[PDB]
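>
Residue numbers (the entry's author numbering), protein chains in the order written: chain W, 2 to 174; chain F, 0 to 106; chain A, 2 to 74.
1. Residue 19 of chain F and residue 52 of chain W look like a contact to me (Cβ under 8 Å); what is the Cβ gap, rounded to whole Å?
2. Beta carbons nearer than 7 Å to chain W: which residues of the stretch 47-68 of chain F have them?
3. Against chain A, which members of the stretch 45-63 of chain W pass a CB distance test of less than 8 Å?
4. On the DSSP bridge list, what partners appear for residue 52 of chain A?
5. By how many angstroms is the C-alpha of residue 25 of chain F removed from the C-alpha of residue 93 of chain F?
6. State whether the stretch 0-9 of chain F contacts the stretch 154-167 of chain W, with contact taken as three or more CB pairs (one from each stretch) at a distance under 8 Å.
7. Which residues, in order along the stretch 7-24 of chain F, keep a beta-carbon less than 7 Å from a beta-carbon of chain W?
8. Can you check the stretch 71-138 of chain W for any alpha helix (DSSP H) of at least 4 residues that lies completely inside it and give the ranges in chain order?
9. Could you name the residues of the same chain whose beta carbon sits closer than 6 Å to that of residue 76 of chain F, not counting the 5 residues immediately before and after it, in chain order?
10. What's the gap between the Cα of residue 111 of chain F and the Cα of residue 51 of chain F?
11. Is residue 94 of chain F helix, strand or coil when you go by DSSP?
12. Any idea what DSSP makes of residue 30 of chain A, helix, strand or coil?
13. Using only CA atoms, which one of F:62, F:40, F:45 and F:101 lies nearest to residue 70 of chain F?
14. In three-state DSSP terms, what is residue 118 of chain F?
15. For the alpha helix (DSSP H) holding residue 29 of chain W, just list the boundary residues, first then last.
16. Give me the chain A residues within the contact set of residue 32 of chain F, using Cβ-Cβ distance strictly less than 8 Å, ordered along the chain.
17. Provide the residue span of the beta strand (DSSP E) that contains residue 69 of chain F, from first to last.
18. So, at 8 Å on beta carbons, what are the nonlocal neighbours of residue 32 of chain W in its own chain, with the 5 sequence-adjacent residues on each side left out?
19. Under 8 Å, Cβ to Cβ, is there at least one residue of chain A near residue 79 of chain W?
20. Looking at the unbroken alpha helix (DSSP H) that takes in residue 12 of chain W, where does it start and where does it end?
21. Compare the beta carbon distance of residue 8 of chain F and residue 15 of chain F with 8 Å and say whether it is the shorter of the two.
22. Short of 7 Å in beta carbon distance, which residues of its chain neighbour residue 98 of chain W, apart from the five on each side in sequence? Order them along the chain.
23. Name the residue from W:94, W:72, W:141 and W:111 whose alpha carbon lies nearest to the alpha carbon of residue 7 of chain W.
24. Between residue 42 of chain A and chain W, is the shortest Cβ-Cβ distance under 8 Å, so that the two count as touching?
Given below as structure tokens:
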């Protein structure tokens with residue numbers, strides 16, 4: 002795992018994208034590179050001890066949909082350091098940074114069944130009061146909850162599932 | 000002619016980058032124009048990227064990274080035989096007394 | 002354009018169009034040489050302690066079966 006190596010590159014890419022008003026394009030560009038990083042043949046090439054320069058050129062070629070500023074520079078700098086396998090994380094970090102500056106939170110909700118869209122809108126407005134961000138709910142239908150909902154807002158979690166209450170009662174006994 | 004470049008200098012050891020189709024063997028000699036003098040490197044390792052670790056047969060000061068180095072395709076060779084009797088020689092087989100060149104027929 | 006399916010087919014096709022080739026199993030390439038140890042890239046079906054045949058009639062013993070490299074003596 003290489004969160005720690007991806008942090009500098011993500012921060013540099015984002016801090017550059019706001020100097021040139023193209024965060025939205027950079028995100029899709031990094032997502033394209035992160036997908037090319039996963040291929041079975043390309044992952045065999047990245048493991049191979051080619052010279053950083055020719056390995057970078059062998060990586061530029063498979064992605065022409067890329068700015069001069071973005072691909073031909075970021076990919077080369079990451080190749081000189083041998084960091085290209087970090088791209089899937091440089092993406093996620095980038096997204097996160099964006100969500101930070103845009104004052105947004107990707108709250109996740111989990112339930113045994115669909116919510117009434119009044120429950121869910123109340124959840125949105127209430128989390129937006131609990132936090133200080135525009136929330137973006139996404140639901141999951143997990144049956145083991147059976148009733149109630151889990152609201153996860155990053156490291157904070159609120160558990161109202163009947164299974165959670167049952168197992169807590171199990172440990173009050 | 001010169002085909003490689005210095006990419007590191009750590010004291011006595013030097014790293015040199017070559018095209019991957021021309022990387023020297025593991026005891027060949029290399030030559031660098033250090034300022035105005037000529038410095039000989041002996042390669043000790045082949046690292047992966049057309050790079051090569053060498054030991055400098057001389058003073059390492061003054062070396063920039065990015066200098067061109069020239070690939071002598073033979074190991075260090077010294078004069079030998081009768082010709083080398085009454086004389087003092089360098090590690091590179093060069094004469095170090097103030098007399099003329101060595102008259103060897105074989106190295 | 003931006004559809005992930007289209008991108009995944011486009012990348013498989015573009016990588017093949019470049020004419021990269023994977024290593025065969027049972028084969029590899031030397032990538033480092035120093036002090037009697039060599040590092041071989043590929044060679045996925047090497048076994049620990051297996052005799053590896055080098056150019057010439059020389060052999061090496063595969064001792065380190067790491068990921069991304071084999072270390073042999």
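Where a beta carbon is used, it is the ideal one built from N, C-alpha and C, also for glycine.
If we stick to the structure as given:
1. Residue mapping note: residue 19 of chain F aligns to position 20 of the second chain, counting from 1. Residue mapping note: residue 52 of chain W aligns to position 51 of the first chain, counting from 1. Correct: roughly 6 Å between the Cβ atoms.
2. From the stretch 47-68 of chain F, only 47, 48 and 49 have a Cβ closer than 7 Å to chain W.
3. 45, 46, 48, 49, 50, 59, 62 and 63
4. Within the third chain, the letter at position 51 stands for residue 52 of chain A. Partner(s): A:62.
5. Within the second chain, the letter at position 94 stands for residue 93 of chain F. Within the second chain, the letter at position 26 stands for residue 25 of chain F. When rounded, the distance between both Cα atoms is 23 Å.
6. no
7. For the stretch 7-24 of chain F, which is checked against every Cβ of chain W, the residues closer than 7 Å are 19.
8. 77-81, 88-102 and 120-131
9. As a first step, residue 76 of chain F must be located in the second chain, where it is residue number 77. Excluding positions up to five away in sequence, the list reads 106.
10. Nothing about residue 111 of chain F can be read from this structure; chain F reaches only from 0 to 106.
11. For this step, residue 94 of chain F is matched to residue 95 along the second chain. In this structure, residue 94 of chain F counts as strand in the three-state DSSP scheme.
12. As a first step, residue 30 of chain A must be located in the third chain, where it is residue number 29. It is a strand residue.
13. Taking the first residue of the second chain as position 1, residue 70 of chain F is located at position 71. Taking only the C-alpha atoms, the option nearest residue 70 of chain F is F:40.
14. Here chain F has residues from 0 to 106 only, and residue 118 of chain F is not among them.
15. As a first step, residue 29 of chain W is located in the first chain; it is residue number 28 there, counting from the start. The continuous alpha helix (DSSP H) containing residue 29 of chain W extends over residues 24-37.
16. On the second chain, position 33 is the one that residue 32 of chain F refers to. The premise fails here: residue 32 of chain F is roughly 27 Å from chain A at the closest Cβ pair, so nothing lies under 8 Å.
17. Numbered from 1 along the second chain, position 70 holds the residue referred to as residue 69 of chain F. Run containing residue 69 of chain F: 67-74, per the beta strand (DSSP E) assignment.
18. Reading the first chain from its first residue, position 31 is the one you call residue 32 of chain W. Leaving aside the five residues that flank residue 32 of chain W on each side, the residues in its chain whose CB is nearer than 8 Å to its CB run, in chain order, 92.
19. One-based indexing of the first chain puts residue 79 of chain W at position 78. No, residue 79 of chain W does not count as interfacial toward chain A.
20. Within the first chain, numbered from 1, the residue matching residue 12 of chain W stands at position 11. Residues 4-18.
21. Within the second chain, numbered from 1, the residue matching residue 8 of chain F stands at position 9. Within the second chain, numbered from 1, the residue matching residue 15 of chain F stands at position 16. No, Cβ-Cβ distance for residue 8 of chain F and residue 15 of chain F is not below 8 Å.
22. In the first chain, residue 98 of chain W corresponds to position 97, counting from 1. Once the five neighbours on either side are set aside, the close Cβ partners of residue 98 of chain W are 11, 12 and 15.
23. Your numbering for residue 7 of chain W matches position 6 in the first chain. Out of W:94, W:72, W:141 and W:111, W:94 has the C-alpha closest to the C-alpha of residue 7 of chain W.
24. Working through the third chain from its first residue, we reach residue 42 of chain A at position 41. So yes, residue 42 of chain A belongs to the interface.
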